[PDB]
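Asks: Can you keep this structure in mind? I'll have questions shortly.
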Amino acid sequence: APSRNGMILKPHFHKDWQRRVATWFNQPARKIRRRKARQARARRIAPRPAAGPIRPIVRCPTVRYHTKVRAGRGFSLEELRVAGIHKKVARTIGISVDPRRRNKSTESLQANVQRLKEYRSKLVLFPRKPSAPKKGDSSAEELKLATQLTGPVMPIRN
Amino acid sequence: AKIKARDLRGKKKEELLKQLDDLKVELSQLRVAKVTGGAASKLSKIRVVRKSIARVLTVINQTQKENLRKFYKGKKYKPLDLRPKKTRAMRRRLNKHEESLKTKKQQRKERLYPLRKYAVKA
Amino acid sequence: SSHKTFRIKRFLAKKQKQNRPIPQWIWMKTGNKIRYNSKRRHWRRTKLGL
Amino acid sequence: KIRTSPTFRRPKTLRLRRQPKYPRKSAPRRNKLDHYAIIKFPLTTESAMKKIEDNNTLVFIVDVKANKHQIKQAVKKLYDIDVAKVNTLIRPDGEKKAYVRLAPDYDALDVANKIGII
Amino acid sequence: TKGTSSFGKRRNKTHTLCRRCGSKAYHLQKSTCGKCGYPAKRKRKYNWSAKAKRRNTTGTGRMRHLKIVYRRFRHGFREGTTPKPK
Amino acid sequence: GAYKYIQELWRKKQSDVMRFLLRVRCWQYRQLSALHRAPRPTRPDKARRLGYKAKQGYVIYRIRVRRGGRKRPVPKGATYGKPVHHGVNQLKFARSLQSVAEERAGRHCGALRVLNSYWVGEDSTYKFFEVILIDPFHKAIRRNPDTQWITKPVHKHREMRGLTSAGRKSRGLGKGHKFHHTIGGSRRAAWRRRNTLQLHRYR
RNA sequence: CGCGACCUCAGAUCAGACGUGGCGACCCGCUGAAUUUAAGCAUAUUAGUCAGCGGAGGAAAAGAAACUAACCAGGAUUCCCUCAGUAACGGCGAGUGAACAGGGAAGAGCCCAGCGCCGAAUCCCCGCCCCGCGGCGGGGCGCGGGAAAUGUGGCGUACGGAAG
């Protein structure tokens with residue numbers, strides 16, 4: 001029975017809600033688990049970026065967010081073709097591909113091509129056979145300055 | 001007497017049966033002494049004779065199996081006792097070579113496009 | 001009854017061998033908890049199941 | 001050739017016998033009820049020692065699985081003696097008791113010295 | 001006569017010893033165990049009795065195989081090899 | 001190509017040709033037992049699509065499912081509850097009769113594993129489905145890298161858990177505005193998360 | 001009438017293998033109440049909940065759009081923060097109640113069938129020997145058997161693809 005002047009409210013506690021209570025004492029141990037599983041990942045991919053592959057410049061949809069720029073899923077196939085990148089050689093040298101991304105616009109298309117000219121110029125590539133150099137691989141000294149990049153590779157600022 | 005396994009494992013097949021039944025008789029001369037109720041020293045002995053029959057029958061059962069898996073080793077089928085008793089679910093898994101079987105097409109995708117050792121410049 | 005099955009006669013046979021007291025030397029041990037056999041069952045007191 | 005009966009009964013097809021490519025178990029499981037493992041101990045009871053001196057028998061305690069035939073070899077093999085008959089009863093304790101009546105060419109009270117009961 | 005006098009006529013049993021679970025609940029007319037259901041391949045167990053479950057689960061008996069699985073697990077179920085002799 | 005000619009020939013089931021073939025086979029299939037091994041697929045073409053290769057180790061059963069809706073199994077039609085739950089006659093089983101067919105074939109042959117199934121005829125009393133089964137232990141499947149996925153113990157009784165085609169069509173999953181109630185793994189997983197107090201440590 | 005192929009079926013203690021049962025905290029498919037709440041009660045609510053049934057696994061399931069959207073567009077699934085006690089449902093009463101976008105954890109992509117080409121180019125099993133394997137595997141060896149044109153293997157799958 002309601003007392004006086006006071007808010008009308010409908011508490012969602014009419015089910016057997018106590019059985020399905022998720023308590024967050026996992027949280028401080030989870031952040032230790034997620035961190036050790038993130039360092040030991042980065043220590044495996046020893047000169048590669050720790051965040052992993054480059055993501056494209058991508059506009060947010062639906063008019064609330066459409067002035068902002070994200071990291072998308074991966075580069076469109078009309079962004080890889082114009083960059084001279086093969087769609088299946090892309091994944092292997094650390095370039096994100098999705099076959100889904102359309103291109104309704106030229107500036108958002110051209111934004112992600114200049115994005116990839118940066119990457120391939122920034123790309124240090126180690127020979128598969130180390131003690132015999134191959135052509136497309138970068139110079140001896142560029143393998144010797146080679147360090148990981150902690151953080152998202154070419155980070156996206158609006 | 002102190003009977004060991006080290007000296008039984010380098011003996012002939014027929015002698016261990018005679019060494020067994022010589023203890024079977026010796027054990028059956030003490031199970032009488034237990035019921036008659038005489039000589040307390042002939043009751044502490046009875047555990048020495050029981051555990052030593054367990055030695056003689058073991059060295060028999062041991063070397064009668066290391067002979068089987070010496071003859072049956074170079075055979076495609078071998079008896080279920082001589083097969084590896086790893087867990088039931090572990091036996092149902094694929095072979096070491098059956099997991100090494102990739103497709104002819106996945107030996108082309110992984111051929112042309114090997115996962116490259118690369119870095120970037122900060 | 002007198003008319004028994006072999007399985008029931010082996011059941012009773014265990015229950016008789018379990019209805020003897022503790023040996024007098026058992027509570028002279030170091031870890032001495034046992035005073036007497038608490039599981040002793042009598043044919044008027046408790047009727048064995050069945 | 002015509003169907004002599006109006007019922008089609010299944011024709012007697014050929015069957016082959018088991019030719020194993022490997023034996024299922026590596027060896028035959030050994031005879032665990034030995035002549036030593038079948039007779040546990042002779043009773044040295046006053047009623048038993050009476051039965052040995054009065055009725056030309058021996059009283060053994062036998063493994064519960066034993067036949068009257070297995071005992072008739074068990075007492076023959078281990079004591080170099082012959083048996084007239086065997087009378088087995090399972091005690092309230094749950095163990096078998098063989099009244100091994102010896103044939104009169106041997107002496108029961110004299111062979112009680114051999115087994116070592118008095 | 002429904003009470004004390006009627007207890008006198010109790011001389012013929014219904015349940016004998018069941019032979020999967022030793023539990024004296026094998027009904028002789030029905031020929032099924034009230035505790036495990038013997039002729040059924042599947043163990044009779046229900047979730048309205050979480051106390052009757054823990055009386056007869058893996059933590060009850062020996063685990064005469066299931067304990068030497070736990071002991072042999074910690075060395076990756078190794079088979080055949082012996083420790084290097086003296 | 002021969003298969004495309006059989007493909008559209010099975011889309012004219014109303015035809016004079018297929019009003020005879022589906023009618024004389026639907027006769028034939030009633031006289032054989034409720035659940036028996038077919039020596040081959042009745043449709044080679046349809047089984048092609050559903051992953052049946054005609055090599056050694058692939059098994060096709062031809063099982064029948066008694067037709068119609070599921071009525072509430074209650075004594076003398078009395079449901080001891082509120083006027084809502086009185087219903088017994090006009091109730092419908094959640095899974096399709098095709099998925100019911102697969103989990104009778106799959107139940108019978110526990111050694112085998114249900115790949116998929118397809119329709120081969122209906123009566124007023126019986127729908128007939130060919131259920132495709134694969135040996136997880138025959139070395140033609142077991143040594144093929146593209147069919148060795150079925151042999152893993154994860155795919156034990158796909159028919160029962162509803163991981164076969166007809167098995168999945170009653171779960172009500174898929175993507176978009178229509179399939180919100182099965183976001184997450186399933187209907188039960190959606191219900192679970194949505195009905196959890198995420199009582200954080202702090203608040 | 002006979003011998004032969006084949007189709008469709010039997011039978012075997014035939015040669016090899018495989019399923020059953022348990023555990024069941026978590027997980028998947030069904031089935032499925034009433035207490036209770038509405039100050040009565042029948043729809044609702046409790047609740048697709050307890051109980052019943054089947055099925056797994058080390059996680060399961062889901063999963064690479066027959067998607068979201070309406071923007072200057074995003075781009076598998078899963079989970080977390082939020083949207084939000086919001087849109088909406090409801091004797092519109094009691095009560096129920098998502099999703100997108102966004103911010104993160106992780107991030108991985110793919111294979112057939114169909115359509116076509118390559119002398120079925122494919123595959124299982126037995127016998128023989130050889131290094132050799134307590135995950136029966138690699139090589140030779142036989143006008144040895146079988147599977148298979150009622151379609152096996154390669155190329156190839158929507159991002160297009162093949163051939164010259």
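Note on naming: chains are A, B, ... as they come in the structure tokens, residues start from 1 per chain, ligands start from 1 in the order shown.
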Counting only C-alpha atoms, which residues of chain A fall within 6 Å of chain B, and what is the closest atom pair for each with its distance in Å at one decimal, ordered by chain and rising number, as CSV?
Replies:
residue,atom,partner,partner_atom,distance
A:47,CA,B:119,CA,5.1
A:48,CA,B:119,CA,4.5
A:92,CA,B:115,CA,4.9
A:93,CA,B:116,CA,5.8
A:122,CA,B:121,CA,5.4
A:123,CA,B:120,CA,4.9
A:124,CA,B:119,CA,4.9
A:125,CA,B:118,CA,4.5
A:126,CA,B:117,CA,5.4
Asks: As a list in words, please: the residues near range 105-108 of chain B (cut-off 12 Å, only C-alpha atoms (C1' of nucleotides), same-chain neighbours under 6 positions excluded).
Replies: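 Near range 105-108 of chain B, the qualifying residues are residues 114 of chain B; 145 and 146 of chain F; 110, 111, 153, 154, 155 and 156 of chain G.
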Asks: Where does chain E meet chain G within 9 Å, residue by residue, with the nearest atom pair and distance in Å to one decimal for each, counting only C-alpha atoms (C1' of nucleotides), listed by chain and rising number, as CSV?
Replies:
residue,atom,partner,partner_atom,distance
E:41,CA,G:21,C1',7.2
E:42,CA,G:21,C1',6.9
E:43,CA,G:21,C1',8.4
E:46,CA,G:52,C1',8.9
E:47,CA,G:51,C1',7.5
E:48,CA,G:51,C1',6.8
E:57,CA,G:23,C1',7.9
E:58,CA,G:23,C1',7.4
E:78,CA,G:134,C1',8.5
E:79,CA,G:134,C1',5.6
E:80,CA,G:134,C1',5.4
E:81,CA,G:134,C1',8.3
Asks: Could you dump the residues just selected with N, CA and C atoms as a PDB file, in the first residue's frame?
Replies:
ATOM      1  N   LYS E  41      17.291 -50.539 -18.085  1.00  0.00           N
ATOM      2  CA  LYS E  41      18.737 -50.288 -18.340  1.00  0.00           C
ATOM      3  C   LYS E  41      19.192 -49.056 -17.548  1.00  0.00           C
ATOM      4  N   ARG E  42      18.331 -48.037 -17.456  1.00  0.00           N
ATOM      5  CA  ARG E  42      18.632 -46.719 -16.836  1.00  0.00           C
ATOM      6  C   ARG E  42      18.344 -46.764 -15.332  1.00  0.00           C
ATOM      7  N   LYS E  43      19.292 -46.261 -14.532  1.00  0.00           N
ATOM      8  CA  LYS E  43      19.170 -46.024 -13.069  1.00  0.00           C
ATOM      9  C   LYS E  43      17.985 -45.089 -12.816  1.00  0.00           C
ATOM     10  N   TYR E  46      15.731 -39.154  -9.625  1.00  0.00           N
ATOM     11  CA  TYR E  46      14.824 -37.994  -9.810  1.00  0.00           C
ATOM     12  C   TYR E  46      15.398 -36.757  -9.110  1.00  0.00           C
ATOM     13  N   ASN E  47      14.966 -35.581  -9.569  1.00  0.00           N
ATOM     14  CA  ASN E  47      15.485 -34.245  -9.173  1.00  0.00           C
ATOM     15  C   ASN E  47      14.575 -33.619  -8.105  1.00  0.00           C
ATOM     16  N   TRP E  48      13.439 -34.254  -7.784  1.00  0.00           N
ATOM     17  CA  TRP E  48      12.593 -33.905  -6.605  1.00  0.00           C
ATOM     18  C   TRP E  48      13.227 -34.461  -5.322  1.00  0.00           C
ATOM     19  N   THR E  57      25.565 -41.665  -5.529  1.00  0.00           N
ATOM     20  CA  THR E  57      26.333 -41.029  -6.639  1.00  0.00           C
ATOM     21  C   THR E  57      27.782 -41.538  -6.572  1.00  0.00           C
ATOM     22  N   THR E  58      28.702 -40.919  -7.321  1.00  0.00           N
ATOM     23  CA  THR E  58      30.123 -41.347  -7.462  1.00  0.00           C
ATOM     24  C   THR E  58      30.893 -41.171  -6.143  1.00  0.00           C
ATOM     25  N   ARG E  78      49.791 -42.106 -19.123  1.00  0.00           N
ATOM     26  CA  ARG E  78      50.971 -42.801 -19.709  1.00  0.00           C
ATOM     27  C   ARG E  78      50.754 -44.316 -19.598  1.00  0.00           C
ATOM     28  N   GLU E  79      51.185 -45.064 -20.619  1.00  0.00           N
ATOM     29  CA  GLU E  79      50.987 -46.534 -20.744  1.00  0.00           C
ATOM     30  C   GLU E  79      52.250 -47.177 -21.330  1.00  0.00           C
ATOM     31  N   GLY E  80      52.771 -48.223 -20.677  1.00  0.00           N
ATOM     32  CA  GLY E  80      53.744 -49.174 -21.252  1.00  0.00           C
ATOM     33  C   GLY E  80      55.152 -49.001 -20.710  1.00  0.00           C
ATOM     34  N   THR E  81      55.637 -47.759 -20.629  1.00  0.00           N
ATOM     35  CA  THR E  81      57.011 -47.412 -20.171  1.00  0.00           C
ATOM     36  C   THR E  81      57.158 -47.750 -18.682  1.00  0.00           C
TER      37      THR E  81
END
Asks: As a ChimeraX atom specification, please: all residues of chain C that backbone DSSP puts in helix (DSSP H, G or I).
Replies: /C:6-17,26-28
Asks: If you run DSSP over the backbone, which residues in chain D end up strand (DSSP E or B)? Put them as an NGL selection string.
Replies: :D and (39-42 or 59-62 or 83-90 or 96-102)
Asks: Give me a file of those residues, with N, CA and C atoms, as an mmCIF file, in the first residue's frame.
Replies:
data_model
loop_
_atom_site.group_PDB
_atom_site.id
_atom_site.type_symbol
_atom_site.label_atom_id
_atom_site.label_comp_id
_atom_site.auth_asym_id
_atom_site.auth_seq_id
_atom_site.Cartn_x
_atom_site.Cartn_y
_atom_site.Cartn_z
ATOM 1 N N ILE D 39 40.944 -76.302 -0.479
ATOM 2 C CA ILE D 39 40.916 -76.760 0.945
ATOM 3 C C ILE D 39 41.757 -75.782 1.776
ATOM 4 N N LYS D 40 41.105 -75.029 2.668
ATOM 5 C CA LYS D 40 41.717 -73.928 3.459
ATOM 6 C C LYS D 40 42.481 -74.520 4.647
ATOM 7 N N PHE D 41 41.780 -75.240 5.528
ATOM 8 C CA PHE D 41 42.339 -75.825 6.776
ATOM 9 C C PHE D 41 41.455 -76.966 7.278
ATOM 10 N N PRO D 42 42.040 -78.039 7.867
ATOM 11 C CA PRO D 42 41.258 -79.081 8.532
ATOM 12 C C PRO D 42 40.794 -78.659 9.935
ATOM 13 N N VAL D 59 37.741 -83.958 8.448
ATOM 14 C CA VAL D 59 36.914 -82.717 8.359
ATOM 15 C C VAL D 59 37.826 -81.569 7.911
ATOM 16 N N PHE D 60 37.652 -81.115 6.665
ATOM 17 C CA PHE D 60 38.324 -79.929 6.073
ATOM 18 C C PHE D 60 37.335 -78.764 6.003
ATOM 19 N N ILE D 61 37.864 -77.541 5.908
ATOM 20 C CA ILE D 61 37.101 -76.311 5.542
ATOM 21 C C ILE D 61 37.484 -75.945 4.105
ATOM 22 N N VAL D 62 36.490 -75.970 3.215
ATOM 23 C CA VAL D 62 36.639 -75.962 1.731
ATOM 24 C C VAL D 62 36.114 -74.619 1.207
ATOM 25 N N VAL D 83 39.164 -91.554 -1.443
ATOM 26 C CA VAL D 83 37.912 -91.052 -0.800
ATOM 27 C C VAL D 83 36.773 -92.024 -1.133
ATOM 28 N N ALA D 84 36.013 -92.450 -0.119
ATOM 29 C CA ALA D 84 34.788 -93.273 -0.260
ATOM 30 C C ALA D 84 33.640 -92.373 -0.730
ATOM 31 N N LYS D 85 33.396 -91.275 -0.007
ATOM 32 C CA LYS D 85 32.445 -90.200 -0.400
ATOM 33 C C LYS D 85 32.823 -88.887 0.298
ATOM 34 N N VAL D 86 32.217 -87.781 -0.148
ATOM 35 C CA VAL D 86 32.335 -86.419 0.456
ATOM 36 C C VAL D 86 30.921 -85.929 0.785
ATOM 37 N N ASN D 87 30.737 -85.355 1.979
ATOM 38 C CA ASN D 87 29.459 -84.754 2.444
ATOM 39 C C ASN D 87 29.729 -83.305 2.866
ATOM 40 N N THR D 88 29.398 -82.349 1.993
ATOM 41 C CA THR D 88 29.655 -80.895 2.161
ATOM 42 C C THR D 88 28.414 -80.227 2.762
ATOM 43 N N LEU D 89 28.585 -79.485 3.862
ATOM 44 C CA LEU D 89 27.573 -78.534 4.396
ATOM 45 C C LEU D 89 28.215 -77.148 4.507
ATOM 46 N N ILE D 90 27.463 -76.105 4.147
ATOM 47 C CA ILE D 90 27.851 -74.679 4.353
ATOM 48 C C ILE D 90 27.414 -74.285 5.766
ATOM 49 N N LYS D 96 32.169 -73.654 3.701
ATOM 50 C CA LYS D 96 31.812 -75.066 3.391
ATOM 51 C C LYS D 96 32.687 -76.013 4.220
ATOM 52 N N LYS D 97 32.096 -77.113 4.704
ATOM 53 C CA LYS D 97 32.752 -78.152 5.545
ATOM 54 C C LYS D 97 32.540 -79.524 4.895
ATOM 55 N N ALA D 98 33.605 -80.107 4.334
ATOM 56 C CA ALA D 98 33.604 -81.419 3.641
ATOM 57 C C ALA D 98 33.961 -82.533 4.633
ATOM 58 N N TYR D 99 33.027 -83.460 4.875
ATOM 59 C CA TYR D 99 33.250 -84.726 5.625
ATOM 60 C C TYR D 99 33.810 -85.774 4.658
ATOM 61 N N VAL D 100 35.134 -85.781 4.481
ATOM 62 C CA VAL D 100 35.835 -86.620 3.465
ATOM 63 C C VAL D 100 36.054 -88.015 4.063
ATOM 64 N N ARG D 101 35.042 -88.878 3.933
ATOM 65 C CA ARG D 101 35.076 -90.313 4.327
ATOM 66 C C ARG D 101 36.139 -91.024 3.481
ATOM 67 N N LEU D 102 37.215 -91.494 4.119
ATOM 68 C CA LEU D 102 38.357 -92.186 3.462
ATOM 69 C C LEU D 102 38.013 -93.669 3.288
#
Asks: Given a cut-off of 10 Å, which residues of chain C touch chain D, counting only C-alpha atoms, written out as a ChimeraX atom specification?
Replies: /C:6,9-17
Asks: Go through chain A residue by residue and, counting only C-alpha atoms, keep those with an atom at most 10 Å from chain F; for each kept residue give the shortest atom pair and its distance in Å to one decimal, ordered by chain and increasing number, as CSV.
Replies:
residue,atom,partner,partner_atom,distance
A:12,CA,F:195,CA,9.6
A:13,CA,F:197,CA,9.5
A:15,CA,F:195,CA,8.7
A:16,CA,F:195,CA,9.4
A:17,CA,F:196,CA,7.1
A:18,CA,F:197,CA,8.3
A:19,CA,F:196,CA,8.8
A:20,CA,F:196,CA,5.2
A:21,CA,F:197,CA,5.0
A:22,CA,F:198,CA,5.1
A:23,CA,F:199,CA,5.4
A:24,CA,F:200,CA,5.1
A:25,CA,F:201,CA,6.6
A:26,CA,F:201,CA,9.5
A:27,CA,F:201,CA,8.2
A:28,CA,F:201,CA,9.8
